[PDB]
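The file start_32.cif comes next; it holds mmCIF, C-alpha atoms.
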```
data_my_file
loop_
_atom_site.label_atom_id
_atom_site.label_comp_id
_atom_site.auth_asym_id
_atom_site.auth_seq_id
_atom_site.Cartn_x
_atom_site.Cartn_y
_atom_site.Cartn_z
CA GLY A 1 0.00 0.00 0.00
CA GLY A 2 2.87 2.51 -0.08
CA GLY A 3 6.60 2.09 0.28
CA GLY A 4 9.30 3.02 2.77
CA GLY A 5 12.22 5.30 2.26
CA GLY A 6 15.11 5.34 4.74
CA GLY A 7 17.01 8.35 6.09
CA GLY A 8 20.79 8.44 5.92
CA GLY A 9 23.76 8.81 8.27
CA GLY A 10 25.29 11.98 9.70
CA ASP B 4 24.65 31.43 -10.19
CA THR B 5 21.99 31.02 -7.48
CA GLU B 6 22.17 33.42 -4.55
CA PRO B 7 21.69 31.30 -1.42
CA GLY B 8 19.88 34.00 0.54
CA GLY B 9 19.94 35.10 4.17
CA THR B 10 18.15 36.70 7.08
CA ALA B 11 18.07 40.47 6.86
CA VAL B 12 20.88 40.81 9.38
CA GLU B 13 22.79 37.66 8.46
CA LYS B 14 26.38 38.94 8.45
CA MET B 15 26.18 39.89 12.14
CA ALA B 16 24.60 36.70 13.42
CA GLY B 17 26.66 33.71 14.50
CA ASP B 18 28.17 31.68 17.29
CA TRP B 19 31.15 33.23 19.04
CA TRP B 20 33.90 32.40 21.54
CA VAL B 21 34.18 35.47 23.77
CA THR B 22 36.05 36.65 26.87
CA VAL B 23 34.72 39.14 29.42
CA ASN B 24 36.96 41.88 30.77
CA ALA B 25 35.95 44.72 33.09
CA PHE B 26 36.87 48.39 33.36
CA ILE B 27 37.74 48.87 37.03
CA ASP B 28 39.48 52.16 37.89
CA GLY B 29 40.05 53.37 34.33
CA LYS B 30 42.38 50.42 33.55
CA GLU B 31 41.04 47.32 31.80
CA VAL B 32 41.16 44.12 33.84
CA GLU B 33 41.66 40.92 31.82
CA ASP B 34 38.97 38.41 32.85
CA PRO B 35 38.09 39.25 36.45
CA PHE B 36 35.39 36.68 37.05
CA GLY B 37 37.84 33.97 35.98
CA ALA B 38 35.44 32.94 33.23
CA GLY B 39 37.60 31.49 30.48
CA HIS B 40 36.28 31.61 26.94
CA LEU B 41 32.49 31.49 26.83
CA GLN B 42 30.08 30.78 23.99
CA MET B 43 27.41 33.24 22.88
CA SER B 44 25.08 33.77 19.95
CA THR B 45 23.69 36.61 17.86
CA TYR B 46 20.75 35.99 15.56
CA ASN B 47 18.03 37.77 13.66
CA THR B 48 14.65 38.69 15.09
CA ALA B 49 11.35 37.14 14.19
CA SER B 50 10.46 40.41 12.47
CA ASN B 51 13.43 39.87 10.13
CA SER B 52 14.41 43.50 10.42
CA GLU B 53 17.79 44.78 9.36
CA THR B 54 17.62 47.14 12.37
CA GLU B 55 17.38 44.89 15.44
CA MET B 56 19.15 41.61 16.30
CA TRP B 57 19.06 39.39 19.38
CA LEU B 58 22.05 39.06 21.70
CA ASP B 59 22.21 35.93 23.78
CA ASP B 60 24.91 34.86 26.23
CA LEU B 61 23.37 31.38 26.34
CA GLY B 62 23.58 31.47 30.11
CA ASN B 63 27.37 31.30 30.34
CA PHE B 64 27.99 34.70 31.96
CA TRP B 65 25.21 36.79 33.46
CA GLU B 66 22.29 34.88 31.88
CA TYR B 67 21.06 37.67 29.59
CA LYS B 68 19.23 37.93 26.25
CA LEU B 69 17.88 41.21 24.79
CA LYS B 70 17.23 42.81 21.41
CA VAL B 71 19.96 45.28 20.53
CA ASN B 72 19.59 47.85 17.78
CA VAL B 73 21.55 47.21 14.62
CA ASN B 74 23.30 49.32 11.98
CA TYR B 75 23.87 46.71 9.29
CA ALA B 76 25.78 48.91 6.84
CA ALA B 77 28.26 49.90 9.56
CA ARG B 78 28.30 46.47 11.29
CA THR B 79 27.50 47.87 14.73
CA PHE B 80 24.90 47.26 17.44
CA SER B 81 23.88 49.14 20.58
CA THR B 82 20.98 49.74 22.97
CA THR B 83 19.30 53.03 23.77
CA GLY B 84 19.36 53.03 27.53
CA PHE B 85 18.66 49.96 29.60
CA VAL B 86 16.34 47.45 27.88
CA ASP B 87 14.23 44.57 29.21
CA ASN B 88 16.20 41.41 29.66
CA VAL B 89 14.14 38.43 28.53
CA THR B 90 16.01 35.63 30.30
CA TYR B 91 15.17 36.60 33.91
CA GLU B 92 13.61 40.08 34.28
CA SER B 93 16.64 42.41 34.48
CA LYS B 94 17.99 45.27 32.40
CA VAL B 95 21.05 45.44 30.18
CA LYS B 96 22.85 48.22 28.30
CA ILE B 97 25.03 47.42 25.28
CA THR B 98 27.36 50.13 23.99
CA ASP B 99 30.01 50.60 21.28
CA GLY B 100 29.37 47.15 19.85
CA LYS B 101 30.88 46.12 16.54
CA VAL B 102 31.39 43.09 14.27
CA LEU B 103 34.65 43.36 12.37
CA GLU B 104 35.10 41.20 9.28
CA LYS B 105 38.06 38.80 9.25
CA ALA B 106 39.88 41.14 11.63
CA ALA B 107 40.66 38.48 14.26
CA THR B 108 42.71 35.29 14.26
CA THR B 109 41.77 31.84 15.55
CA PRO B 110 43.63 29.47 17.87
CA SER B 111 44.62 27.41 14.83
CA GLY B 112 46.04 30.59 13.30
CA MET B 113 43.44 31.41 10.70
CA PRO B 114 41.49 34.65 10.29
CA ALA B 115 37.93 35.03 11.60
CA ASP B 116 35.52 37.77 12.63
CA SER B 117 36.10 39.78 15.83
CA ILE B 118 33.13 40.87 17.91
CA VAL B 119 33.40 43.50 20.63
CA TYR B 120 30.77 45.11 22.77
CA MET B 121 30.58 46.89 26.13
CA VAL B 122 27.81 45.89 28.53
CA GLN B 123 26.37 46.83 31.92
CA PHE B 124 23.79 45.22 34.22
CA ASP B 125 21.15 46.99 36.29
CA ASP B 126 21.81 44.53 39.14
CA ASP B 127 25.59 44.58 38.96
CA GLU B 128 25.96 45.92 42.47
CA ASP B 129 29.45 47.14 41.54
CA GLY B 130 28.14 49.37 38.74
CA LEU B 131 30.73 47.98 36.31
CA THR B 132 31.07 48.21 32.52
CA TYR B 133 32.37 45.00 30.96
CA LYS B 134 34.20 44.41 27.67
CA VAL B 135 33.09 41.28 25.76
CA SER B 136 35.26 40.41 22.78
CA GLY B 137 35.79 37.17 20.89
CA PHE B 138 35.71 35.65 17.42
CA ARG B 139 33.36 33.58 15.34
CA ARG B 140 33.35 29.88 16.06
CA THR B 141 34.92 27.81 13.31
CA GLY B 142 33.57 24.36 14.15
CA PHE B 143 36.98 22.76 14.15
CA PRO B 144 37.39 21.30 17.64
CA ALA B 145 40.93 22.64 17.83
CA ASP B 146 39.40 26.12 17.69
CA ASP B 147 37.25 25.31 20.72
CA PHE B 148 37.80 25.76 24.45
CA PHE C 198 31.45 24.46 3.55
CA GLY C 199 33.04 21.04 3.62
CA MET C 200 32.74 17.68 5.37
CA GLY C 201 31.00 17.69 8.73
CA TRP C 202 27.85 17.37 10.77
CA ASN C 203 25.99 19.77 13.08
CA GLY C 204 28.38 22.33 11.65
CA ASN C 205 31.42 20.71 13.23
CA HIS C 206 34.30 19.04 11.40
CA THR C 207 34.37 15.32 10.76
CA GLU C 208 36.63 12.91 8.98
CA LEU C 209 33.98 10.38 7.91
CA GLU C 210 30.89 12.34 6.92
CA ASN C 211 28.71 11.46 3.95
CA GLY C 212 27.74 15.13 3.75
CA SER C 213 28.87 18.71 3.82
CA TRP C 214 27.66 20.30 7.06
CA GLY C 215 31.05 21.37 8.35
CA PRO C 216 33.11 24.49 9.00
CA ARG C 217 33.76 27.19 6.47
CA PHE C 218 36.62 26.46 4.09
CA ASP C 219 39.91 27.47 5.70
CA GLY C 220 42.39 26.06 3.27
CA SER C 221 43.88 24.54 6.40
CA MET C 222 45.24 21.04 6.35
CA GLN C 223 42.83 18.59 7.95
CA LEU C 224 42.25 14.87 8.15
CA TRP C 225 39.57 12.86 6.37
CA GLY C 226 38.48 9.27 5.98
CA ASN C 227 39.46 6.11 7.84
CA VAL C 228 42.79 5.14 9.33
CA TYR C 229 44.61 2.37 7.51
CA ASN C 230 47.81 0.78 8.77
CA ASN C 231 48.13 3.59 11.30
CA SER C 232 48.11 6.24 8.59
CA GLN C 233 45.53 8.62 7.22
CA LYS C 234 44.96 10.94 4.30
CA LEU C 235 45.52 14.61 5.02
CA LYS C 236 44.57 17.35 2.62
CA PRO C 237 43.83 21.07 2.27
CA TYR C 238 40.29 21.78 3.44
CA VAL C 239 39.28 23.35 0.12
CA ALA C 240 36.18 23.03 -2.03
CA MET C 241 36.25 21.15 -5.33
CA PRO C 242 33.31 22.28 -7.45
CA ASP C 243 33.76 19.94 -10.40
CA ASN C 244 34.10 16.85 -8.24
CA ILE C 245 30.90 15.32 -9.61
CA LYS C 246 31.02 16.78 -13.10
CA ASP D 2 40.66 18.16 -18.99
CA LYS D 3 39.65 16.98 -15.53
CA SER D 4 39.97 19.32 -12.63
CA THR D 5 39.69 17.61 -9.26
CA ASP D 6 42.44 15.08 -8.76
CA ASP D 7 42.77 14.21 -5.11
CA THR D 8 45.44 16.22 -3.32
CA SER D 9 45.98 14.33 -0.13
CA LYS D 10 49.11 13.35 1.71
CA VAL D 11 49.26 10.13 3.68
CA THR D 12 50.55 11.25 7.08
CA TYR D 13 52.01 8.34 9.01
CA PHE D 14 50.95 8.47 12.63
CA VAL D 15 53.36 8.05 15.52
CA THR D 16 53.36 5.20 18.01
CA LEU D 17 54.72 5.97 21.48
CA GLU D 18 55.49 3.21 23.98
CA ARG D 19 55.93 4.02 27.64
CA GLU D 20 58.65 2.20 29.54
CA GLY D 21 58.68 1.55 33.26
CA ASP D 22 55.73 2.03 35.61
CA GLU D 23 52.75 4.33 35.31
CA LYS D 24 53.29 5.17 38.98
CA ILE D 25 56.66 5.49 40.67
CA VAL D 26 57.14 6.41 44.31
CA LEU D 27 60.32 7.88 45.78
CA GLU D 28 61.54 8.65 49.25
CA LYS D 29 62.46 12.34 49.56
CA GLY D 30 65.94 13.14 48.33
CA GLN D 31 66.13 10.03 46.17
CA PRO D 32 66.84 11.32 42.64
CA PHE D 33 64.31 10.47 39.95
CA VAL D 34 65.73 8.36 37.12
CA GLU D 35 63.64 8.56 33.94
CA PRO D 36 62.66 4.92 33.22
CA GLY D 37 62.81 5.60 29.49
CA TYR D 38 60.42 5.32 26.56
CA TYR D 39 60.40 4.53 22.85
CA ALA D 40 58.54 6.15 19.97
CA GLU D 41 58.50 5.22 16.28
CA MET D 42 57.20 7.05 13.21
CA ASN D 43 56.53 4.81 10.19
CA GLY D 44 59.21 2.37 11.23
CA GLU D 45 61.66 5.18 11.94
CA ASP D 46 62.87 5.57 15.53
CA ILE D 47 62.10 9.09 16.69
CA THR D 48 62.63 8.26 20.38
CA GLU D 49 65.30 10.98 20.22
CA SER D 50 62.41 13.43 20.00
CA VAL D 51 59.86 12.71 22.72
CA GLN D 52 59.33 15.89 24.68
CA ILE D 53 58.52 15.59 28.38
CA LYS D 54 56.45 18.36 29.93
CA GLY D 55 56.43 18.67 33.70
CA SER D 56 58.91 18.32 36.54
CA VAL D 57 59.19 16.26 39.71
CA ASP D 58 60.64 18.04 42.79
CA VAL D 59 62.19 15.28 44.80
CA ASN D 60 62.44 17.41 47.97
CA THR D 61 58.82 18.50 48.37
CA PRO D 62 56.38 15.61 49.00
CA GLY D 63 53.48 15.68 46.60
CA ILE D 64 52.02 14.05 43.51
CA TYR D 65 54.18 15.26 40.60
CA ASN D 66 53.16 14.19 37.11
CA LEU D 67 54.61 14.26 33.62
CA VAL D 68 53.28 14.39 30.03
CA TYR D 69 55.25 12.64 27.26
CA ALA D 70 54.44 13.38 23.64
CA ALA D 71 56.00 12.69 20.27
CA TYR D 72 55.15 14.38 16.97
CA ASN D 73 55.19 13.03 13.42
CA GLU D 74 56.32 15.11 10.48
CA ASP D 75 52.87 16.73 10.12
CA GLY D 76 52.26 17.90 13.69
CA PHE D 77 49.98 15.07 14.84
CA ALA D 78 50.69 13.95 18.39
CA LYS D 79 50.43 10.80 20.48
CA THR D 80 50.88 11.04 24.24
CA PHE D 81 50.99 9.23 27.55
CA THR D 82 51.40 10.33 31.16
CA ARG D 83 53.47 9.15 34.13
CA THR D 84 53.08 10.32 37.72
CA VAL D 85 55.69 10.28 40.53
CA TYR D 86 55.04 10.34 44.32
CA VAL D 87 57.79 11.53 46.65
CA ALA D 88 56.81 10.44 50.13
CA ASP D 89 58.90 11.64 53.02
CA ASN D 90 60.81 9.72 55.74
#
```

So that I can check it, write out the structure of this file as structure tokens.
Amino acid sequence: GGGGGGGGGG
Amino acid sequence: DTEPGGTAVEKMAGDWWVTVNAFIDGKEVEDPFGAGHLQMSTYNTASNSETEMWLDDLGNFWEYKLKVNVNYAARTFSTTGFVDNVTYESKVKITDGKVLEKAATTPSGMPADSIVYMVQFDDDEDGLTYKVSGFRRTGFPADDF
Amino acid sequence: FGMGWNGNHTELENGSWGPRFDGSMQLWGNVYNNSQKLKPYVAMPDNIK
Amino acid sequence: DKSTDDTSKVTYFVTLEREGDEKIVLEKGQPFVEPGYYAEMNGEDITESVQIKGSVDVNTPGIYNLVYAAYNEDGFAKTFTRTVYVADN
């Protein structure tokens, strides 16, 4: 029903 | 080429590493309170004027934070009389304050921006005028204290 | 500005939130065989082009 | 023509080995003999170079301590610290 992004490092 | 932008008073805002002297008996006294280098901040106002900026000691000296007036073209800032402190209900008076481009030098030996301003506190029972002066924080930890 | 986070300097960042460019020699990247690459902290505009 | 060839230098970090005990203790008036140390820089022996900061007064009981540091060709340091106790008699 959608889809996940991920954040990055920092 | 895209101009990044900036708050109306951008060139005088920033984080700073400052030291606080005092004029006692006409001769300047290098760091009386035994303070070491302290951190402080200057930043634009919510009204985004090019005529007033905030001045914030971040609680590392007297615990003060007031709007100064601002002469952007000249790179100077100053109060007219004693003004409401916002941190803890007091009054502060900033005088002969300036922001001098790349005039200073860092601990690592690189140029940076000197800041200098004279200040007084309505509940300084000694009635003293202090001399705050530092430079703009680099971010390199070697240029920290 | 160059490599860093929170505005501070950093040898390993995947991003450019660091101090203003000094031109001053700084470290970057990992340590291999007890050595490390050391280079002028200068911008390189073409580095993707 | 490409513009952005990497410009780094590979600086070879020091390694600095203490020698003797972290803590020595002397009776007053017993001279302090520096146990020694060794420090290498990319397989070269720079032990000739370790600078020792501090001083131990043998005739004034107290915790005296000492900082030992060696520097590689690029200014990068590596350091340890030894502390001497002169107890009296």

Output check: residues returned by the PyMOL selection byres ((chain C) within 8 of (chain B)), as number ranges by chain:
C: 204-206, 215-217, 219

Using only C-alpha atoms, find each residue in chain C having at least one atom no more than 12 Å away from segment 70-78 of chain D; report its shortest atom-to-atom pair and that distance in Å (one decimal), rows by chain then rising number, as a Markdown table.
```
| residue | atom | partner | partner_atom | distance |
| --- | --- | --- | --- | --- |
| C:222 | CA | D:75 | CA | 9.5 |
| C:223 | CA | D:75 | CA | 10.4 |
| C:224 | CA | D:77 | CA | 10.2 |
| C:231 | CA | D:73 | CA | 12.0 |
| C:232 | CA | D:73 | CA | 10.9 |
| C:233 | CA | D:77 | CA | 10.9 |
| C:234 | CA | D:75 | CA | 11.4 |
| C:235 | CA | D:75 | CA | 9.2 |
| C:236 | CA | D:75 | CA | 11.2 |
```

Same residues, C-alpha atoms, output as a CSV table (one decimal), in the frame of the given file:
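For reference, again.csv as written:
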```
chain,number,residue,atom,x,y,z
C,222,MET,CA,45.2,21.0,6.4
C,223,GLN,CA,42.8,18.6,8.0
C,224,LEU,CA,42.2,14.9,8.2
C,231,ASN,CA,48.1,3.6,11.3
C,232,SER,CA,48.1,6.2,8.6
C,233,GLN,CA,45.5,8.6,7.2
C,234,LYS,CA,45.0,10.9,4.3
C,235,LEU,CA,45.5,14.6,5.0
C,236,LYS,CA,44.6,17.4,2.6
```

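In this structure, atom CA of residue 103 of chain B sits 16.3 Å away from atom CA of residue 43 of chain B.
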
Compile the residues of chain C that lie within 7 Å of chain A, evaluated using only C-alpha atoms, and express the compilation as a ChimeraX atom specification.
/C:202,210-211

What residues come out when you apply the PyMOL selection byres ((chain D) within 7 of (chain C)) to this file, written as a PyMOL selection string?
chain D and resi 4-5+8-14

note - atom CA of residue 24 of chain B and atom CA of residue 41 of chain B are separated by 12.0 Å

Please write the residues picked by the PyMOL selection byres ((chain D and resi 17-20) around 8) on this file as a list in words.
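Written out, the selection comes to residues 15, 16, 21, 22, 36, 37, 38, 39, 40, 41, 70, 71, 79, 80 and 81 of chain D.
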
Could you tell me how far atom CA of residue 118 of chain B lies from atom CA of residue 63 of chain B, in Å and to one decimal?
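Atom-to-atom, atom CA of residue 118 of chain B and atom CA of residue 63 of chain B are spaced 16.7 Å apart.
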
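Shortest separation to residue 147 of chain B among B:110, B:100, B:130, B:62 occurs at residue B:110, atoms counted being all atoms listed in the file.
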